[PDB]
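*Asks:* Have a look at this one before I ask anything.
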Amino acid sequence: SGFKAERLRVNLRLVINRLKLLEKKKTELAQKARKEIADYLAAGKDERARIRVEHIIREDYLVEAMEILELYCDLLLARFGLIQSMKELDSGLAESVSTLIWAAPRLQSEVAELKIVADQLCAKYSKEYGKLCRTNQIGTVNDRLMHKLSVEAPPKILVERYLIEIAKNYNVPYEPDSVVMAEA
Amino acid sequence: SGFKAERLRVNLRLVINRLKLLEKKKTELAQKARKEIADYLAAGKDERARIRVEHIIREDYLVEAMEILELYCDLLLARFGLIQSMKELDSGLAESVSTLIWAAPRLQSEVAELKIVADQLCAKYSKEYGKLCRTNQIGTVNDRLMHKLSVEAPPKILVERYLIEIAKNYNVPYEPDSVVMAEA
Amino acid sequence: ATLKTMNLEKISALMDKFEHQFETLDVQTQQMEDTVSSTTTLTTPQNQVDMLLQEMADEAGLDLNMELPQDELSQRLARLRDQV
Amino acid sequence: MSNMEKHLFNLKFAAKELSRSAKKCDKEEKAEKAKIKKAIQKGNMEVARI
Numbered sequence: 004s005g006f007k008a009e010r011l012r013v014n015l016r017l018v019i020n021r022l023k024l025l026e027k028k029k030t031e032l033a034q035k036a037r038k039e040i041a042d043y044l045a046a047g048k049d050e051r052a053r054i055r056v057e058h059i060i061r062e063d064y065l066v067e068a069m070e071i072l073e074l075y076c077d078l079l080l081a082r083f084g085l086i087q088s089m090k091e092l093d094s095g096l097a098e099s100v101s102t103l104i105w106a107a108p109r110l111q112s113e114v115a116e117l118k119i120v121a122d123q124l125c126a127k128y129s130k131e132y133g134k135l136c137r138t139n140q141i142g143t144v145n146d147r148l149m150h151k152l153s154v155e156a157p158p159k160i161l162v163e164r165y166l167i168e169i170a171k172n173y174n175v176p177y178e179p180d181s182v183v184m185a186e187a
Numbered sequence: 004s005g006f007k008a009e010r011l012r013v014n015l016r017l018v019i020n021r022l023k024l025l026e027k028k029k030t031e032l033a034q035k036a037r038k039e040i041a042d043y044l045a046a047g048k049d050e051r052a053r054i055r056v057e058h059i060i061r062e063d064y065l066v067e068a069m070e071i072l073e074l075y076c077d078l079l080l081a082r083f084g085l086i087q088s089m090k091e092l093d094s095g096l097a098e099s100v101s102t103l104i105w106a107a108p109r110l111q112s113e114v115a116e117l118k119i120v121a122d123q124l125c126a127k128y129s130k131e132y133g134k135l136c137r138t139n140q141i142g143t144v145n146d147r148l149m150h151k152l153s154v155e156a157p158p159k160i161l162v163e164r165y166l167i168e169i170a171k172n173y174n175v176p177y178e179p180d181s182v183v184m185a186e187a
Numbered sequence: 101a102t103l104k105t106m107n108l109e110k111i112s113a114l115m116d117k118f119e120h121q122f123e124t125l126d127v128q129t130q131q132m133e134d135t136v137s138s139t140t141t142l143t144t145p146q147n148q149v150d151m152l153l154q155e156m157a158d159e160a161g162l163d164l165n166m167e168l169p170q186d187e188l189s190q191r192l193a194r195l196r197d198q199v
Numbered sequence: 001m002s003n004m005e006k007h008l009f010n011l012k013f014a015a016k017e018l019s020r021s022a023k024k025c026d027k028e029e030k031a032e033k034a035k036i037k038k039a040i041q042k043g044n045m046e047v048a049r050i
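From first to last, the protein sequence lines stand for chains B, B', A and A'. A prime marks a further copy of an entry chain.
Residues in the first sequence are numbered from 4 upward in steps of one, following the deposited numbering.
Residues in the second sequence are numbered from 4 upward in steps of one, following the deposited numbering.
For reference, each letter of the third sequence is one residue, going 101 to 170, 186 to 199 in the deposited numbering.
Residues in the fourth sequence are numbered from 1 upward in steps of one, following the deposited numbering.
Right, here's the structure in full:
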């Protein structure tokens, strides 16, 4: 009881559709954002440009994270026979199932169906496994994805390198923070 | 009682019509899918392309399985005189009858009439024979068909070889997984 | 009166909801079109479309080969993310 | 009109309706082919493919 295979199958397909669409939209919005950084740098407002590129870095990391989750949903669909057949969790699926349960509370603001995918996977493999996933006590959640959805501020050198590349591309004079470039 | 020869004859013909149609449709959809793999490989998203070809391999195996069942339904129609005449199951038909009963629960999502074919064959040769078929305790179900409808993931070398051939055909640069090509 | 009944926080909410509900309608159009596409797969074989495009491109004198699966700032910013 | 004459009248009508539908499809293959050429000349490859 609780678990319904078709709820999981339908919602996995929906999650892929929604992620596939959000990646495109967010990629386009990053173009518009980078133009705005060049405008701030041209206006000599470098100290603000630094804080505006933190938004760009976070959206870029998020788009990369959405690509990883798209892949794990597509993997659970490809090997959906195993999910439905066994009662134990296979090794091949452990990364995917644990990561999707871990990610859902972070992403479910944007990708509402991802909550239902997580809830069904917890109904299948039990609530206790679901709790061990959400904290990564299960030690199986994908490390790169957890990095990409971290709440920490970007490294100062990443911010500076972003400004250097954007400034170069839009032919705007920029001089990077000497202290940060030295610390690197 | 239960068994009606004309229900079986009509539904065997219907099963052939439906399979014959699904094979064509699935073959065409495989063309559209292979183009999509080339697009993923061109975009350098090889790690996803691997998971997308698992869907293609499974549909290709399924089409081959549908061709085997089409042949066994056509065989029971060709030798329908024997089915209707005897009360015992002939040797010549044992493979066909057992395989159709085994396959029905796997396929009856797609081929609804296949359920009725199986139910009639169980009414003819008794429920106990029907149970021995579904588990292949009867040791007569066709091995290639059971392989082709297995829920196991494709071998890694098959996935790599699929990508190599698709990449070559669409003139996309691809470099296969060295570890998998070595393990082979 | 109207700035009370529809204050900026309420407008902010309404605009967020508007945007998010058109994301959902995009997801729905996509899967209606994917269904219709699979529904009429046998009426449009891929190779026939590819050949008609190549024939029309040959007539137009366009060099682009139509059977094949036919920005650098984004690439460089990606390389930066990998390097850190 | 006999009950069978009604059925014959409807079968003859359905046969013509299908024949008209085939003629409409043919004339629209010609119309869409013309639009491919225009889209190729304008470099609109996405519209050409539609």
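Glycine included, every Cβ here is placed at the ideal spot set by N, Cα and C.
How many angstroms separate the CA atom of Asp-150 of chain A from the CA atom of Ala-45 of chain B'?
*Replies:* Roughly 18 Å between the two C-alpha positions.
*Asks:* Which residues of chain A have a Cβ atom closer than 8 Å to the Cβ of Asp-42 of chain B', listed in chain order?
*Replies:* Near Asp-42 of chain B' (Cβ distances below 8 Å), the residues of chain A are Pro-169.
*Asks:* Run down chain A' in chain order and give the residues with a C-beta less than 7 Å from the C-beta of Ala-160 of chain A.
*Replies:* Chain A' residues near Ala-160 of chain A: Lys-37, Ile-40, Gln-41.
*Asks:* Using the beta-carbon of each residue, which ones in chain B are nearer than 7 Å to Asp-126 of chain A?
*Replies:* Here the neighbours are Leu-24.
*Asks:* Excluding five sequence neighbours on each side, which residues of the same chain lie with their C-beta closer than 6 Å to the C-beta of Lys-35 of chain B'?
*Replies:* Excluding positions up to five away in sequence, the list is empty.
*Asks:* Starting from the C-beta of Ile-167 of chain B, find all residues in its chain whose C-beta is less than 8 Å away, skip the five residues before and the five after it, and write them out in chain order.
*Replies:* The residues are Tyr-177, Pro-179.
*Asks:* According to DSSP, is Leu-152 of chain B' helix, strand or coil?
*Replies:* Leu-152 of chain B' falls in the coil class under three-state DSSP.
*Asks:* Comparing C-alpha positions only, which one of B':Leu-32, B':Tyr-64, B':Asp-63 sits nearest to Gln-146 of chain A?
*Replies:* Cα-wise, what sits closest to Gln-146 of chain A is B':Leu-32.
*Asks:* At which residue ranges does the stretch 31-94 of chain B' contain complete alpha helix (DSSP H) runs of 4 or more residues, listed in the order of the chain?
*Replies:* As far as the stretch 31-94 of chain B' is concerned, its whole alpha helix (DSSP H) runs of at least 4 residues are 49-81, 83-88.
*Asks:* What residues of chain A sit near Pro-176 of chain B, judged by a beta carbon separation below 7 Å?
*Replies:* In chain order: nothing, as chain A lies at least about 17 Å away.
*Asks:* How should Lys-127 of chain B be labelled, buried or exposed, when 16 other C-beta atoms within 10 angstroms of its C-beta is the threshold for buried?
*Replies:* It is buried - the Cβ of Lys-127 of chain B has at least 16 other Cβ atoms within 10 Å.
*Asks:* Give every residue of the same chain whose Cβ lies closer than 6 Å to the Cβ of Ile-71 of chain B, excluding the five residues on either side of it in the sequence, and list them in chain order.
*Replies:* These residues qualify, in order along the chain: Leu-148.
*Asks:* Taking the alpha helix (DSSP H) that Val-183 of chain B' falls in, what are its first and last residues?
*Replies:* Start and end: 181-186.
*Asks:* Are there 16 or more other CB atoms within 10 angstroms of the CB of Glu-163 of chain B, so buried, or fewer, so exposed?
*Replies:* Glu-163 of chain B comes out buried.
*Asks:* Taking the alpha helix (DSSP H) that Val-162 of chain B' falls in, what are its first and last residues?
*Replies:* Residues 159-172.
*Asks:* So does the stretch 12-22 of chain B' actually touch the stretch 104-117 of chain B', counting three or more Cβ pairs closer than 8 Å?
*Replies:* Verdict: yes, contact present.
*Asks:* Any chance you could list the alpha helix (DSSP H) runs of at least 4 consecutive residues sitting entirely within the stretch 112-137 of chain B, in chain order?
*Replies:* Entirely contained in the stretch 112-137 of chain B, the alpha helix (DSSP H) runs reaching 4 residues are, in chain order, 116-128, 130-137.
*Asks:* Check whether the Cβ atoms of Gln-87 of chain B and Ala-170 of chain B lie closer than 8 Å to each other.
*Replies:* Not a contact, by the Cβ cut-off of 8 Å.
*Asks:* My guess is that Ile-104 of chain B and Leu-124 of chain B are in contact by the Cβ rule of under 8 Å, so how many angstroms apart are they, rounded?
*Replies:* Indeed, because the Cβ distance is near 6 Å, the residues count as touching under 8 Å.
*Asks:* Taking the beta carbon of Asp-63 of chain B as the centre, do at least 16 other beta carbons fall within 10 Å, making it buried, or is it exposed?
*Replies:* When all chains shown are included, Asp-63 of chain B counts as buried.
*Asks:* For the stretch 136-153 of chain B against the stretch 92-108 of chain B, are there 3 or more C-beta pairs whose distance is under 8 Å?
*Replies:* Yes, the stretch 136-153 of chain B is in contact with the stretch 92-108 of chain B.
*Asks:* Whole angstroms is fine: what's the gap from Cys-136 of chain B''s alpha carbon to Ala-97 of chain B''s?
*Replies:* Taking the straight line from one Cα to the other gives about 10 Å.
*Asks:* If we call anything under 8 Å between Cβ atoms a contact, is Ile-54 of chain B' one with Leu-161 of chain B'?
*Replies:* Taking 8 Å as the Cβ cut-off, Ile-54 of chain B' and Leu-161 of chain B' do not qualify as a contacting pair.
*Asks:* Which residues in the same chain as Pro-157 of chain B place their Cβ atom closer than 7 Å to its Cβ, once the five residues preceding and following it in sequence are excluded?
*Replies:* Once the five neighbours on either side are set aside, the close Cβ partners of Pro-157 of chain B are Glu-57, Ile-60.
*Asks:* What whole-angstrom Cβ distance do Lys-151 of chain B and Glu-67 of chain B have, given they're in contact under 8 Å?
*Replies:* Indeed, because the Cβ distance is near 5 Å, the residues count as touching under 8 Å.
*Asks:* Measure the alpha-carbon distance for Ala-101 of chain A versus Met-115 of chain A and round it to whole angstroms.
*Replies:* Each residue's alpha carbon lies about 20 Å from the other.
*Asks:* Counting C-beta neighbours from all protein chains within 10 Å, is the total for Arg-82 of chain B 16 or more, i.e. buried, or is it exposed?
*Replies:* It is buried - the Cβ of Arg-82 of chain B has at least 16 other Cβ atoms within 10 Å.
*Asks:* Quick one: give me the first and last residue of the alpha helix (DSSP H) that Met-115 of chain A is part of.
*Replies:* Unbroken alpha helix (DSSP H) run through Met-115 of chain A: 108-139.
*Asks:* Please compile the residues from chain B' whose C-beta is within a distance smaller than 7 Å of the C-beta of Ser-138 of chain A.
*Replies:* Those are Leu-32, listed as they occur along chain B'.
*Asks:* Would you check if there are 3 or more beta carbon pairs closer than 8 Å linking the stretch 25-42 of chain A' to the stretch 148-164 of chain A?
*Replies:* Yes, the stretch 25-42 of chain A' is in contact with the stretch 148-164 of chain A.
*Asks:* Quick check on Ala-101 of chain A: does DSSP put it in helix, strand or coil?
*Replies:* Correct three-state label for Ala-101 of chain A: coil.
*Asks:* Do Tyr-173 of chain B' and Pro-169 of chain A have their CB atoms nearer than 8 Å?
*Replies:* For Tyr-173 of chain B' and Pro-169 of chain A, yes; Cβs fall inside 8 Å.
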